[PDB]
Each structure stands twice: as C-alpha cells, then as structure tokens.
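The structure tokens that follow cover one protein chain in two forms, given apart as structure 1 and structure 2.
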Structure 1
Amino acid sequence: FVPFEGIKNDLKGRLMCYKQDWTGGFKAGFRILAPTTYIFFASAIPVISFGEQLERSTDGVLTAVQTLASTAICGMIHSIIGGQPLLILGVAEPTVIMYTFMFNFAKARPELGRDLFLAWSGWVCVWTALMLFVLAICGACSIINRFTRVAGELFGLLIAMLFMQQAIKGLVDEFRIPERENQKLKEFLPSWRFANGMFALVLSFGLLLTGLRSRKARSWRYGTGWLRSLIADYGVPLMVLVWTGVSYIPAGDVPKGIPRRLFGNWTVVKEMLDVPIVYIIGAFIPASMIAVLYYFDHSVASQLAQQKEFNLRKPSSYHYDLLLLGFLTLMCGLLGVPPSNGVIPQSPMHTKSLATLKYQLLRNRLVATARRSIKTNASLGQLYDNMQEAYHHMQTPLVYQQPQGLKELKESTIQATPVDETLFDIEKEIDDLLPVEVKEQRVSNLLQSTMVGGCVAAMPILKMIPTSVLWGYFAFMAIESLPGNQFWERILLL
C-alpha cells in the first residue's frame, strides 16, 4: 500500500505490449469483425434501454444519446490508453439507479430544481473522481486479489438476476399503459393492449430461443463449415434483424403503435458554478456511494475477464485502470453525461469471443498444415512436429509468458492408428490438442466503441426495433451471465 507503486508497476508492465497489441489486432483482418459485432450489440442494447429508462425517469434531461455517447467516448479512450483493453466500458444499472435517486432528490429542492440537476451531478462526479484517484494512488485495489472466485461468482449471479428482472418487467409493462403517452388512443385499448403484450411475448421468446440455438451452430452435422461458422458468429445480430422484420408482417391490419417501438454532447461548466455551496459539499455522500460501487464493479469486471482458465500472456492494470476511471468520470461529469464503468457480462463475453477467434484461426492453420503434410510424408510424428512449428510461428513474441503449446498426443489416439487417412480424421483429432488462448488486442474494443458512437447518427434505423426484442436480449445476456460458472454448477448439483 505504497503511494503510486501499483500505478507505476502497471504502466511499466503494459507499456511494452502496446505496439504488439495494435499489431496483433491488425494481424487479423476482417475476421475481427465477428467478436466486434457481437460485443457491439451486447453493449448497445442495454445502454439504449437504460437511456430510455433515464429519459422516462428524468423528464427528458438524459436520453439514450447521452448514454451512447458516454459509452462510446469512454470506450475509445480506454481502448487507446486503458491498460486492460479486454475491459468493456458502459453505463450500468447501478449508475442509472443512483442517478434516478439524485434526480428525485434535486427535483424536490427549490435551490436545485431540474435546470441544475446536471450541474449537481457534475459536482458529484468531481467528488467521485477525487475519491477514485485517492483509492488508486494508495493501492486500495490490492484487496481485489484477496477476494476469491465466489466473490465474483456471486456478483455475476446478481447481475444475471437483475437482467432477468428487467426483462420480466419489460414484458409485463408491454401489457400495461405507459404513464407519459396519450391515454385516449386506439393502440391503448384493453384489447389492443392484450394483443401487444402477447405479440411482445412471441417476439421476445422467439429471439431468445433462436439465438440460444444458433449459439451452438458449429456443433451441427448439416450445412457447410463456412455457413456454420457464420451462424455461430452472427446469429444473435441476425436474429435481431429477422425478428425486427417479422414484427412488420401484420403492419397492414394493426394500428400504428403495435408493437411498441424504441423511440452528441455538450458542456455544463458554466452552470456548474451557479450551484450554491451547500450541495457541492453535500455531493460527498452520493459521491462516496458511487465511488465505492465503481471501485467494486470496475475491479470485479476486470478480474472476471482475466480468468486463469484463459491463459492470458499479459499483466493486469487494476490501479492504473481505476485512475483512468476517475479521469473518465471527471470528464463525463463535466460533459453532462452519466459516467461509464466496467460492465459484466460484456467483458467476459469479449474475452470468450476473442478466445474463440484465436481457436478458430489456430484450427484453420493446423488443419491446412496437416492436410499439406499428409500428401508429402505423413509420418504421424513428423506431421505433429509440423503443426507444432506452425503454432509457434503464428505466435505473438512477448517477454512476460510463453505460448502454452499443443498438448500431448493422447495414448488412445496413437494406439487407434506413414498415417492412414481412413483411420486418422483431422477434424476429429485437432480439437483434442488445442489449448485455450485469447487474442488480446485493442482493435476490437476501439471498433465496438466507435460503432456504439455511430448509433447516435443512426437513430432513424434504431426507431424500427421493437422493445420486445430488447427484453429477449436482456434474458439472453442474463443467461450469458451464468454460462456455467462454478457457483451456478454447485447450486444446480445441490
């Protein structure tokens, strides 16, 4: 717990893999788009829903534009000067709840009111940034190492429950009347309300089930490997588009608002000084709560994305990441947008997507080299050396760790068996000698954040997405937040 020690160590560790990170990201060509698109959707949809929630709860002060902008800019800044690019930054539900409480508080104060809510929020963000700077400098993140696996598994289960609760609330609300829209409308009649609710159920459950099924496309006996990979990679986005189109089928015999549809930044410094100095000091309380919440969430999200099973070859940057989070919180507060922070399951999903990308690249290369070696000599022991050489050749030269390497050939495999092609199927065997590795780089995070920012200008296209699709995705991510963790497995076995 020495001042500036952890930050300096993290910077030293991460400064010798920066060019390597960018060059590795550029090494893979357009194949990096699949994880990028997957995480882009996973980050945009919850953020858009949170923006709509804030707009309904803040009388239009904060909308999806502000949340999307915060997520975007903070994501780009982290991707460029972050330290742990595997982390995905975005506006989380606890931030929305806290901002709702602050807005409700300020609305009842004649001193603050509604026109000064953003300024008071900015002062709260300044206090939170100071607290985060103090925590990072003093090495308070060292306690994160103390927290064991269950400390993160419980948080993941809690986030899954929160996402499922949000989805269920949305589905139920599809049956009810909004508190802002015109009450005397054709689309809001009890019969049409029931129809909207059941249609929302159909769309949401269809999206959820089809996406879950498509996630297992690679393990299908039918179609070609190209199509199977395309489905396994872009199924959930494709399902989103497909069910959005399905929602338009009965448009010729139904009122306008059936099913219900969805729908830069500025500075608040000038009006920040107009706040009387009895609430600038009072911001220490909500700032304290938000600082504690962010200290916990950022670190837990970063560590859940750096699981030992992934065999990462680069160090961690907890302290420097917290310092940059303080800086980003200050910037967001000054810009009049809610702060962003490390979110789950977005970060572990990003890590798993990168691991799958590297796995597929390695599988393709090894299958190619095995096929090339089968024709020439194919000695079953000289071919294996060729695949090992190719594996080492693909690898990025670093200084911290070394490649895991192809694992030992199983005794049963050699016993079953130059090499006879009839008795040696490459596709069946390669999967048995492929380690778990992650393609670590900064390109995927940068593109994902830029795409989220681009959604600000694509609002007309986003107007065509029904809310039922959002609730189906929320449940999909909730199930993704318990993808087989040890705690969930033990509860299941109990």
Structure 2
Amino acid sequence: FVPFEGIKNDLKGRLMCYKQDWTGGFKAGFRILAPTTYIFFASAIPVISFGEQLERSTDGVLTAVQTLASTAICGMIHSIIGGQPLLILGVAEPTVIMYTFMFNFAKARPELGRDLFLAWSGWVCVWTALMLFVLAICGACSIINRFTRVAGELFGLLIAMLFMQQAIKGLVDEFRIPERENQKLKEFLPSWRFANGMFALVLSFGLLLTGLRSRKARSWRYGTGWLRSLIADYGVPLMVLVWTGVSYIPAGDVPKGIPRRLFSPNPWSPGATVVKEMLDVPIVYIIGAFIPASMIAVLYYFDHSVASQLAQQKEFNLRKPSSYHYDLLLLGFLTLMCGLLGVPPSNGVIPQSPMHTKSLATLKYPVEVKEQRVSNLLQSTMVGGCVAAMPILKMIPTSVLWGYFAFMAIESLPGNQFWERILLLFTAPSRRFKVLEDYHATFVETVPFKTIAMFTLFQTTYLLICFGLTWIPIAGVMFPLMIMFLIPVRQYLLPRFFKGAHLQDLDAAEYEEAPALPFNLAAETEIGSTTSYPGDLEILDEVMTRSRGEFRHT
C-alpha cells in the first residue's frame, strides 16, 4: 500500500501502448463502426431513461440533456487520457437514486431549496473527488479481489428491483395528471387520461416482450445470418422505433399529448457552471456534504472496479495491462468536473463494458480482442450528438422508456446465481430432478440443499432489508454502506456458520456450470433422490397433440 505506486505502475504500463492504441483503431478502417454503433445504442437509451427519471424526480432541474452531456464528455476524456479504453462510462441508476435523495433533502430545507441543489451537489462531488483521490493514492484498489459474488449479485438484484419499481411508478403516473402541467388541457380529462394509461400499458408491454424475444435472434433457424445478427444487436432501438411509429398511428384522431412523450426540454429553444452559486451554500451544508459523498465514493469504487474487471476477463486474452488505480484517479477528476458543470457524474457501467469487449472480439480457429481508443471516442461523441437530436428523441413515448426499465430489470436475472438459488429455494422437493435435467450450477450437485437454503435465506433477508432502507426518506442514502459491509461479513462471519468448500462453491469468483444429466443419473443424487413418477394426464399431455388429440408415435 505504498502511496502513488499503483498509479505510477499503471501509467508506465499504459504509456507504452498509446500510439499503438490509436493506430490499431485507425487500421481497422470502417469496420470499427459496427461495434461503435452497437455500444452507442447500448449506452444511449438507458441514459435517456435515467434522464427522464431524474426529470420526474428533480422537478426538471436535471433531464436527459445533462445525463447525455455527462456521459459523452466523460467517455471522450476517458477514451483520450484514460487507462483502460475498453471501460464504458455513463450515468447509472445508483447515482440517480443518490441525487434523488439529495434533491428531496434540499427541497425541504429553506436554506438550500431547489435553487442551491446543484451547488450543494457540486460540493458533494468535490468531496467525492477528494475521497476517490485518497483511495487511488493509497492503493485501495489492490483489495478489489474481495469484491466477491455475494455482494455483486445482491447489488444487481437490488438495482433490478429498483428498475421494476420505476417502471410501475411511471405506468401508474400515465393514468394521472403530471405535477407541472396545465390541468385544463383536453388531454388531461379523465377519459383521455384513462385512454393514455391503457395505451401506455400496450406500448410498454409490446416493447418489453418484443425486445426480450429479439435478444435470442442469433439462435433462430430463420432468415439470413446478417439479418439475425442485426436483430440480436439492435432489437432494442429497432423496437423503440417500431413502437414509436405505432404510437403515431392515431395521432390524427387524438389530442396532442396522447400518448405522453418525453418531458425533457429541447436545448435549442431560447427558453433552455455552478461555481457562482457554490459560494452561496452555507458552510454547515458544505461540510455536511461529506455524508452523501462518502456513499457515492463507495458506490463508484465498487462499480468502476467491477466493470473494469468484467471487461478484462482473462478469457479475452488481453495483451495490455490494467490501470485500476489511475482509472479511479481519473474518475475522481471527472466527478469534480461534472460537479462543477452541474451534471451528474458518470462511472463504469455493466454490462456495457464486457459487451463492448465482446463486440471487439473475434475467434481464430481462441478469443482475440481488438483493443483501441477509437470505438469509445466515437460512441461517446455520438452520445453527445444525441443532445443536438433532442427534437427527434422527444418523439419517443414515456411508456416505451418504462417498458425499457422493466426490460433491464428482467435482463439482470439470467446469469445471476442468487436469482437461480431463490428459484431453487421456492422449488418443490419432488421436482428438483427437473433442475438437474438442464444446464445448472455445480453447487447444486456439490452442496447440500440445506446449506444452499440457509445461504439464500440470509442473502434474501439482506437484500430485502436494503430495499426497505431505500424507502426511508433520509437514512435510505446509506445503502452503499450496507453493500460494502458484505465484504467483511463474507470474510469473517460466514466461515463461522458455513464450512469452507461450501462457501467457495457458493461464492466462487468464476461462473461454474454443469451440463444436463440423464434421468437415471438425476435420481441417484441426494437432491434428486425424491423423484415422483409422472401422473396419467401428465404422461398423456406429451403423447397426444393439442390441436386434434392425435397420439404421437415415436
């Protein structure tokens, strides 16, 4: 933990591959645009959704303009002078939640109010930048190996819960009058409001289901290869466009605001740095900003490092070194800059970074990744240009964004072992052989079900407590402390209750899977030792057709 050692080593390592980092990007030619566009679409849409969320949560102080600007500027700076260009930066949901807490605190205090919210947030960002500088200089990133699966998966499920909560919140508001809108408009009559709510339900569920189906296009037996890849890569934006077009079908027979569209304003309209108002904040609140700043620094020190680790998985066979410490230092500087500019800070986001690395990967029949600084710079510049295209983006209905929130919530589940363990916990004892008939984790076979159940119950209790804490008006801004407390807990307390190899299998740093087992081998196991025979109607359901009741012959 020698000060400045990690930063110096990272800088020495990354300074030998800068010119190559650029030339290899230019040598790829126009073929570098496909990963660029893919990651640009993967980054922009969630950022716009978070911007709308903030617009609703901050009474219009922060909108999609600010989130897009922060994402673009931070991404460009990271691409040019950052250590690991594979890392993708952007505004994330936890930052939105923290800023919502801060806004709610400031609004109820006359000394700050809505007019000094951004100044107080700038002071918070100054504190966060200092904390991140200290963490990077002291080499705190040398212990990121202790950021085990138990904390990451719990945080992911918490963020998925919050995504779904936001989706439900928005869909319920689609039936209500907005707070800052003229209540006398025809679009806000009870009939038109009910119609708008129903149309929002239709559009949101359509987007969600169609995108979820599109995600598995490359496995279809239909169409061309390029068409299947196009669907699998750009389904989300394609479905957003399709459902916007659908929303425009009744445009001629309904009022202007049916369905409701994005509330974020257009920056080009004449109606439209916070350092000047920063001096006006009372000293007591300048000092008190230390409190949320510590939580934000915790969140960033976790998320940045985890995203970089995921983007630098050893299976990619990357040949260039890592820059964790210098990356955290630059993140502190970027947070200071964003606080001074009046925009929310950005940080490493998941799964955008590993998806970018994958988009830059090819197999030599064996993974080889094309690492360079051009794709990140171009995608960040496109995210920035999206600000100028705000008139076009304002045509998107809000229900589509709520559907996208639900989409992210559901997409956080697939590879999450905590979710699989919850499903197993709620599974019937006589139907676990079914669990054993498909791809499954190894701890299902190597760990007794009682220990899995106890571990999952502890994890679920922790998750529910954190979710409930998020609902407390003021104390809810402490949930990153609860997230970090899982490190010492896993390191010290769990070994007392759990026995070694069981913990290692249940909290493995590597995703270990197992292939499907034959039915005969799925019963000799302890977990599948309570196999019950199928019923008569269960058997007949499979040997007779549903269309005409015809017996199938095999």
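Shifts are known only where both forms have a C-alpha. Please note that residue numbering is based on structure 1, beginning with 1 at the start of its sequence. C-alpha atoms forming the largest set that superposes within 1.5 Å between two forms make up the rigid core.
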Core-fitted Cα difference of 2 Å or more between structures 1 and 2, single residue among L130, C138, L238, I80: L238
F103 C-alpha shift between structures 1 and 2 of 2 Å or more, rigid core reference: no
Rigid core superposed: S353 CA moves 2 Å or more between structures 1 and 2: no
Core-superposed C-alpha of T467 shifting 2 Å or more between structures 1 and 2: yes
Displacement in Å of the C-alpha of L323 between structures 1 and 2, rigid core kept as reference: 0.1
Between structures 1 and 2, C-alpha offset at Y248 (rigid core aligned, Å): 3.8
C-alpha positional change at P178 between structures 1 and 2 - rigid core reference, Å: 5.4
Mobile segments between structures 1 and 2 [3+ consecutive residues, each C-alpha shifted 2 angstroms or more, core superposed]: 145-263, 356-359, 463-494
